[PDB]
Structure formats: C-alpha cells, structure tokens
Amino acid sequence: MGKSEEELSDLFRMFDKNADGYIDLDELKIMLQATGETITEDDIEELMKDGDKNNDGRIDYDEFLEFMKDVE
Ligand SMILES: [Ca+2]
Ligand SMILES: [Ca+2]
C-alpha cells in the first residue's frame, strides 16, 4: 500500500506457482492449498475481476501491478 508499483511486482511473485510468469486461477488455488482452504472457481475469478483489466481469467505481471497501485 502507499502508491508503490514495486510492491505489486514483489506480490505477483507470491501469486504465480509454476514460475510461468502468469497467475492462473489454478495457481491461485495452490495459494489456498497452502492455507488448507478449498476454493470454488468463482472466488478466484472474482478476485481477478478486481484488477485484471482483460478479465482473461489469469493475472499477467502488468495486470497484477494494476490491482493495488495506490491502497492509501
Ligand atoms: Ca503462473
Ligand atoms: Ca488477466
């Protein structure tokens, strides 16, 4: 938070699971598998709608930077 694009770049690394460069809804499920939660596909897709400008069902590094640039 605090209007920082660099923080968004670091957080994107936390979201991708295969080191493939794109966050897919299934890579996002692995983050919930780490918490031990079962996720429905819409929960992951609604999270993408907040910041994914394309609404493509996957967050690119650039789409991820768009999600929380400001948070202030
Ligand atoms: Ca990925
Ligand atoms: Ca996307």
# chains A, B, ... in the order shown; residues from 1 in each chain; ligands from 1
call {"tool": "residues_near_ligand", "arguments": {"ligand": "ligand 1", "cutoff": "8 Å", "atoms": "only C-alpha atoms and all ligand atoms", "output": "PyMOL selection string"}}
result
chain A and resi 15-24+27
call {"tool": "residues_around", "arguments": {"residues": "residue 49 in chain A", "least_positions_apart": "3", "cutoff": "12 Å", "atoms": "only C-alpha atoms", "output": "MDAnalysis selection string"}}
result
chainID A and resid 25 42:46 52:59 63:64 66:67
call {"tool": "closest_residue", "arguments": {"among": "A:68, A:1, A:31, A:14", "to": "residue 51 in chain A", "atoms": "only C-alpha atoms"}}
result
A:68
call {"tool": "atom_distance", "arguments": {"atom1": "CA of residue 71 in chain A", "atom2": "CA of residue 34 in chain A"}}
result
25.4 Å
call {"tool": "select_by_dssp", "arguments": {"residues": "chain A", "states": "strand (DSSP E)", "output": "number ranges by chain"}}
result
A: 22-24, 58-60
call {"tool": "select_by_dssp", "arguments": {"residues": "range 6-68 of chain A", "states": "helix (DSSP H, G or I)", "output": "PyMOL selection string"}}
result
chain A and resi 6-15+25-35+41-51+61-67
call {"tool": "closest_residue", "arguments": {"among": "A:65, A:72, A:40, A:29", "to": "residue 7 in chain A", "atoms": "only C-alpha atoms"}}
result
A:65
call {"tool": "closest_residue", "arguments": {"among": "A:26, A:41, A:62, A:70", "to": "ligand 2", "atoms": "only C-alpha atoms and all ligand atoms"}}
result
A:62
call {"tool": "closest_residue", "arguments": {"among": "A:9, A:33, A:38, A:4", "to": "residue 69 in chain A", "atoms": "only C-alpha atoms"}}
result
A:4
call {"tool": "atom_distance", "arguments": {"atom1": "CA of residue 12 in chain A", "atom2": "atom 1 (Ca, counted along the ligand's line) of ligand 2"}}
result
12.3 Å
